[PDB]
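J.: Below you'll find my_file.pdb; it's PDB, C-alpha atoms (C1' of nucleotides).
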```pdb
ATOM      1  CA  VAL A   3       0.000   0.000   0.000
ATOM      2  CA  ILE A   4       1.140   3.514  -0.871
ATOM      3  CA  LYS A   5       2.128   5.562   2.167
ATOM      4  CA  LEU A   6       3.801   8.951   2.344
ATOM      5  CA  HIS A   7       7.225   7.359   2.655
ATOM      6  CA  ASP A   8       6.617   5.658  -0.693
ATOM      7  CA  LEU A   9       6.324   8.979  -2.509
ATOM      8  CA  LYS A  10       9.330  10.023  -4.533
ATOM      9  CA  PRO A  11       9.873  12.656  -7.198
ATOM     10  CA  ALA A  12      10.221  11.430 -10.709
ATOM     11  CA  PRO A  13      13.705  10.929 -12.161
ATOM     12  CA  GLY A  14      15.168  14.189 -13.354
ATOM     13  CA  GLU A  15      12.432  16.179 -11.647
ATOM     14  CA  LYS A  16      14.805  17.470  -8.968
ATOM     15  CA  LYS A  17      18.296  18.705  -9.748
ATOM     16  CA  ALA A  18      20.442  19.777  -6.840
ATOM     17  CA  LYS A  19      21.074  23.467  -6.358
ATOM     18  CA  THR A  20      24.575  24.479  -7.361
ATOM     19  CA  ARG A  21      26.213  26.163  -4.398
ATOM     20  CA  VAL A  22      28.935  28.556  -5.370
ATOM     21  CA  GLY A  23      31.685  29.782  -3.124
ATOM     22  CA  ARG A  24      31.768  26.521  -1.194
ATOM     23  CA  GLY A  25      35.177  25.224  -2.130
ATOM     24  CA  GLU A  26      37.481  24.805  -5.091
ATOM     25  CA  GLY A  27      36.122  21.338  -5.805
ATOM     26  CA  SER A  28      32.980  23.111  -6.979
ATOM     27  CA  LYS A  29      32.200  26.524  -8.449
ATOM     28  CA  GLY A  30      34.387  27.995  -5.743
ATOM     29  CA  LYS A  31      36.379  31.139  -5.038
ATOM     30  CA  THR A  32      34.773  33.088  -7.877
ATOM     31  CA  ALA A  33      31.348  31.522  -8.452
ATOM     32  CA  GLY A  34      31.997  31.286 -12.147
ATOM     33  CA  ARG A  35      32.640  35.006 -12.455
ATOM     34  CA  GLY A  36      36.328  34.881 -13.150
ATOM     35  CA  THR A  37      38.791  37.227 -11.586
ATOM     36  CA  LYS A  38      37.981  40.913 -12.003
ATOM     37  CA  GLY A  39      35.993  43.448 -13.956
ATOM     38  CA  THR A  40      32.515  44.810 -13.861
ATOM     39  CA  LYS A  41      31.226  41.268 -14.293
ATOM     40  CA  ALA A  42      32.981  40.117 -11.110
ATOM     41  CA  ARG A  43      30.849  42.188  -8.742
ATOM     42  CA  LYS A  44      27.949  43.370 -10.915
ATOM     43  CA  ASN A  45      26.047  42.295 -13.989
ATOM     44  CA  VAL A  46      26.246  44.283 -17.190
ATOM     45  CA  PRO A  47      23.011  45.461 -18.824
ATOM     46  CA  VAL A  48      21.808  43.887 -22.016
ATOM     47  CA  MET A  49      21.188  47.345 -23.490
ATOM     48  CA  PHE A  50      24.881  48.241 -23.322
ATOM     49  CA  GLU A  51      27.609  47.509 -25.864
TER
ATOM     50  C1'   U B   1      39.048  66.484  13.360
ATOM     51  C1'   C B   2      37.917  71.730   9.030
ATOM     52  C1'   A B   3      39.392  73.827   1.143
ATOM     53  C1'   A B   4      33.080  73.484   4.430
ATOM     54  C1'   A B   5      32.446  70.470  11.921
ATOM     55  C1'   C B   6      29.634  66.763  14.471
ATOM     56  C1'   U B   7      25.308  63.554  15.052
ATOM     57  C1'   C B   8      21.142  60.856  13.180
ATOM     58  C1'   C B   9      18.582  59.832   8.784
ATOM     59  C1'   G B  10      18.528  59.104   3.194
ATOM     60  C1'   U B  11      21.918  54.507   3.600
ATOM     61  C1'   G B  12      23.089  48.201   3.080
ATOM     62  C1'   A B  13      25.140  55.763  -0.913
ATOM     63  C1'   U B  14      27.930  54.588  -5.291
ATOM     64  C1'   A B  15      32.694  52.765  -6.493
ATOM     65  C1'   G B  16      34.714  50.285 -14.700
ATOM     66  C1'   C B  17      38.874  49.900  -8.226
ATOM     67  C1'   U B  18      41.228  46.433  -4.277
ATOM     68  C1'   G B  19      40.138  42.452  -1.145
ATOM     69  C1'   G B  20      37.321  38.123   0.160
ATOM     70  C1'   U B  21      33.780  34.240  -1.498
ATOM     71  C1'   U B  22      33.788  28.081   2.866
ATOM     72  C1'   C B  23      33.118  20.201   1.180
ATOM     73  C1'   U B  24      34.460  16.279  -2.496
ATOM     74  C1'   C B  25      35.357  13.491  -6.851
ATOM     75  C1'   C B  26      34.406  12.347 -12.530
ATOM     76  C1'   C B  27      34.618  14.245 -17.830
ATOM     77  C1'   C B  28      35.846  18.182 -21.101
ATOM     78  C1'   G B  29      38.743  22.446 -21.210
ATOM     79  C1'   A B  30      40.287  27.931 -22.792
ATOM     80  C1'   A B  31      41.938  33.031 -23.666
ATOM     81  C1'   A B  32      45.330  36.939 -23.129
ATOM     82  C1'   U B  33      43.201  37.859 -30.532
ATOM     83  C1'   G B  34      39.824  40.917 -34.067
ATOM     84  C1'   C B  35      36.201  45.069 -34.373
ATOM     85  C1'   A B  36      33.972  49.061 -31.792
ATOM     86  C1'   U B  37      33.951  52.014 -27.659
ATOM     87  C1'   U B  38      34.322  59.659 -23.347
ATOM     88  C1'   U B  39      37.663  53.391 -25.131
ATOM     89  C1'   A B  40      42.431  51.519 -23.837
ATOM     90  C1'   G B  41      43.588  47.730 -16.460
ATOM     91  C1'   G B  42      36.228  48.138 -18.392
ATOM     92  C1'   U B  43      32.477  46.393 -21.619
ATOM     93  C1'   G B  44      29.442  44.411 -26.174
ATOM     94  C1'   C B  45      29.828  41.146 -30.264
ATOM     95  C1'   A B  46      32.939  37.714 -32.953
ATOM     96  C1'   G B  47      37.019  34.043 -32.113
ATOM     97  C1'   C B  48      38.506  30.088 -28.462
ATOM     98  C1'   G B  49      35.600  26.325 -23.955
ATOM     99  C1'   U B  50      31.579  23.373 -22.138
ATOM    100  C1'   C B  51      26.623  21.178 -22.216
ATOM    101  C1'   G B  52      22.412  19.686 -24.953
ATOM    102  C1'   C B  53      20.021  18.840 -29.630
ATOM    103  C1'   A B  54      20.351  17.961 -34.916
ATOM    104  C1'   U B  55      23.591  16.373 -39.021
ATOM    105  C1'   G B  56      27.483  12.689 -39.759
ATOM    106  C1'   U B  57      33.464  12.492 -41.696
ATOM    107  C1'   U B  58      31.531  17.022 -44.304
ATOM    108  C1'   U B  59      36.888  18.114 -40.151
ATOM    109  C1'   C B  60      41.995  16.880 -40.283
ATOM    110  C1'   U B  61      46.527  14.260 -42.627
ATOM    111  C1'   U B  62      48.912  12.327 -46.975
ATOM    112  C1'   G B  63      49.254  11.406 -52.427
ATOM    113  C1'   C B  64      47.566  13.272 -57.164
ATOM    114  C1'   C B  65      45.109  17.027 -60.079
ATOM    115  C1'   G B  66      43.347  22.124 -61.415
ATOM    116  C1'   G B  67      44.485  27.179 -60.034
ATOM    117  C1'   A B  68      45.824  32.798 -58.711
ATOM    118  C1'   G B  69      49.860  35.102 -56.926
ATOM    119  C1'   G B  70      54.895  38.535 -57.307
ATOM    120  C1'   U B  71      57.798  37.194 -51.518
ATOM    121  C1'   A B  72      62.953  34.839 -51.284
ATOM    122  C1'   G B  73      66.311  34.718 -55.083
ATOM    123  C1'   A B  74      67.693  36.844 -59.495
ATOM    124  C1'   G B  75      67.762  40.746 -63.096
ATOM    125  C1'   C B  76      67.678  45.840 -65.174
ATOM    126  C1'   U B  77      70.252  47.483 -72.510
ATOM    127  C1'   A B  78      62.941  45.150 -69.325
ATOM    128  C1'   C B  79      60.556  50.349 -66.607
ATOM    129  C1'   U B  80      61.329  54.135 -62.506
ATOM    130  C1'   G B  81      65.470  55.700 -59.608
ATOM    131  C1'   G B  82      70.537  55.401 -57.905
TER
END
```
As structure tokens - that is how I would like this structure written.
T.:
Amino acid sequence: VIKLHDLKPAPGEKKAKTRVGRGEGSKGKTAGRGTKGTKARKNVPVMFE
RNA sequence: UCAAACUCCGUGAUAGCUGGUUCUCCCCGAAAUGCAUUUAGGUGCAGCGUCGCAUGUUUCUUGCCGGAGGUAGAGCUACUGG
């Protein structure tokens, strides 16, 4: 019989959150931003070239 | 404390700048170029990476073939000049 502990999300339904800045074995020490620039502390507008 | 005091608030001011950004392993893996920029230590796009999808050897290497060049070299009584 189907109880609450039998319920599971479907495969691929749930992907783990990527946690940046949590070590160099992951997206660590820059969070995929690279080193410097405007793009290292802010985001650049799309309306700007 | 003074080329405009101090305090609170606006306010977590803004900083193309500096610094920092914390556990793991597996696979792949750059760039530091071009163009433009009140631009030149920034940024957009392209190039280069990855992932996915589609296509599938088209890529690449070698041989052969067809081709255009004007460098090296050479030449100048073949031009311009010396």
J.: Taking the file as shown, what set of residues would the PyMOL selection byres ((chain B) within 10 of (chain A)) give back, as a list in words?
T.: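 Given this file, the PyMOL selection byres ((chain B) within 10 of (chain A)) evaluates to residues 16, 17, 20, 21, 22, 23, 24, 25, 36, 37, 41, 42, 43, 44 and 45 of chain B.
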J.: Can you sort out the box for stretch 17-29 of chain B, edges along x, y and z, all listed atoms in, 8 Å on every side, with centre and edge lengths in Å to one decimal, as AutoDock Vina command-line options?
T.:
```
--center_x 37.2 --center_y 31.1 --center_z -9.2 --size_x 24.1 --size_y 53.6 --size_z 40.1
```
J.: Rounded to one decimal place, report the atom CA of residue A:35-atom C1' of residue B:49 distance in Å.
T.: 14.7 Å
J.: As an exercise, work out the distance from atom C1' of residue B:61 to atom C1' of residue B:33 in Å and give it to one decimal place.
T.: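 Atom-to-atom, atom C1' of residue B:61 to atom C1' of residue B:33, that is 26.7 Å.
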J.: Report, in Å to a single decimal, how far apart atom CA of residue A:34 and atom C1' of residue B:18 are.
T.: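 Here the two named atoms are 19.4 Å from each other.
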J.: Residues within 12 Å of (25.6, 50.9, -7.6), file coordinates, counting all atoms listed in the file: what are they? Give the list as a list in words.
T.: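 Those residues, ordered by chain and then number, are residues 40, 43, 44, 45 and 46 of chain A; 12, 13, 14, 15 and 16 of chain B.
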J.: Rank nothing, just name the residue among B:51, B:75, B:19, B:62 nearest to residue A:37, using all atoms listed in the file.
T.: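 Closest residue, counting all atoms listed in the file: B:19.
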J.: Output stretch 22-35 of chain A as a PDB file, keeping the file's coordinate frame, making sure N, CA, C and O atoms are there.
T.:
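selection_14.pdb was written with the following content:
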```pdb
ATOM      1  N   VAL A  22      27.687  27.932  -5.010  1.00  0.00           N
ATOM      2  CA  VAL A  22      28.935  28.556  -5.370  1.00  0.00           C
ATOM      3  C   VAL A  22      29.604  29.115  -4.129  1.00  0.00           C
ATOM      4  O   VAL A  22      28.964  29.412  -3.120  1.00  0.00           O
ATOM      5  N   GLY A  23      30.912  29.281  -4.227  1.00  0.00           N
ATOM      6  CA  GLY A  23      31.685  29.782  -3.124  1.00  0.00           C
ATOM      7  C   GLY A  23      31.763  28.837  -1.963  1.00  0.00           C
ATOM      8  O   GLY A  23      31.884  29.285  -0.823  1.00  0.00           O
ATOM      9  N   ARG A  24      31.694  27.539  -2.221  1.00  0.00           N
ATOM     10  CA  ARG A  24      31.768  26.521  -1.194  1.00  0.00           C
ATOM     11  C   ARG A  24      32.847  25.515  -1.517  1.00  0.00           C
ATOM     12  O   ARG A  24      32.672  24.309  -1.341  1.00  0.00           O
ATOM     13  N   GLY A  25      33.972  26.002  -1.991  1.00  0.00           N
ATOM     14  CA  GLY A  25      35.177  25.224  -2.130  1.00  0.00           C
ATOM     15  C   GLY A  25      35.595  25.057  -3.571  1.00  0.00           C
ATOM     16  O   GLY A  25      34.773  25.068  -4.494  1.00  0.00           O
ATOM     17  N   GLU A  26      36.893  24.859  -3.764  1.00  0.00           N
ATOM     18  CA  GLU A  26      37.481  24.805  -5.091  1.00  0.00           C
ATOM     19  C   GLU A  26      37.230  23.488  -5.806  1.00  0.00           C
ATOM     20  O   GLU A  26      37.568  23.375  -6.986  1.00  0.00           O
ATOM     21  N   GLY A  27      36.656  22.499  -5.136  1.00  0.00           N
ATOM     22  CA  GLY A  27      36.122  21.338  -5.805  1.00  0.00           C
ATOM     23  C   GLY A  27      34.781  21.535  -6.450  1.00  0.00           C
ATOM     24  O   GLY A  27      34.223  20.593  -7.011  1.00  0.00           O
ATOM     25  N   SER A  28      34.256  22.750  -6.396  1.00  0.00           N
ATOM     26  CA  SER A  28      32.980  23.111  -6.979  1.00  0.00           C
ATOM     27  C   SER A  28      33.176  24.483  -7.605  1.00  0.00           C
ATOM     28  O   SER A  28      34.306  24.931  -7.820  1.00  0.00           O
ATOM     29  N   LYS A  29      32.086  25.184  -7.895  1.00  0.00           N
ATOM     30  CA  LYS A  29      32.200  26.524  -8.449  1.00  0.00           C
ATOM     31  C   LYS A  29      32.665  27.492  -7.376  1.00  0.00           C
ATOM     32  O   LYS A  29      31.930  28.402  -6.986  1.00  0.00           O
ATOM     33  N   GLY A  30      33.891  27.312  -6.913  1.00  0.00           N
ATOM     34  CA  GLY A  30      34.387  27.995  -5.743  1.00  0.00           C
ATOM     35  C   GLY A  30      35.382  29.091  -6.043  1.00  0.00           C
ATOM     36  O   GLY A  30      36.060  29.081  -7.061  1.00  0.00           O
ATOM     37  N   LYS A  31      35.424  30.054  -5.136  1.00  0.00           N
ATOM     38  CA  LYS A  31      36.379  31.139  -5.038  1.00  0.00           C
ATOM     39  C   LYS A  31      36.128  32.228  -6.061  1.00  0.00           C
ATOM     40  O   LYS A  31      36.726  33.287  -5.961  1.00  0.00           O
ATOM     41  N   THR A  32      35.269  32.013  -7.039  1.00  0.00           N
ATOM     42  CA  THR A  32      34.773  33.088  -7.877  1.00  0.00           C
ATOM     43  C   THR A  32      33.318  32.944  -8.247  1.00  0.00           C
ATOM     44  O   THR A  32      32.727  33.921  -8.707  1.00  0.00           O
ATOM     45  N   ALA A  33      32.724  31.771  -8.079  1.00  0.00           N
ATOM     46  CA  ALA A  33      31.348  31.522  -8.452  1.00  0.00           C
ATOM     47  C   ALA A  33      31.141  31.692  -9.947  1.00  0.00           C
ATOM     48  O   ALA A  33      30.123  32.217 -10.398  1.00  0.00           O
ATOM     49  N   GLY A  34      32.117  31.247 -10.716  1.00  0.00           N
ATOM     50  CA  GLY A  34      31.997  31.286 -12.147  1.00  0.00           C
ATOM     51  C   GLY A  34      32.061  32.657 -12.753  1.00  0.00           C
ATOM     52  O   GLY A  34      31.658  32.832 -13.903  1.00  0.00           O
ATOM     53  N   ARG A  35      32.549  33.632 -12.008  1.00  0.00           N
ATOM     54  CA  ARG A  35      32.640  35.006 -12.455  1.00  0.00           C
ATOM     55  C   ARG A  35      33.990  35.355 -13.034  1.00  0.00           C
ATOM     56  O   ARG A  35      34.117  36.395 -13.684  1.00  0.00           O
TER      57      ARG A  35
END
```
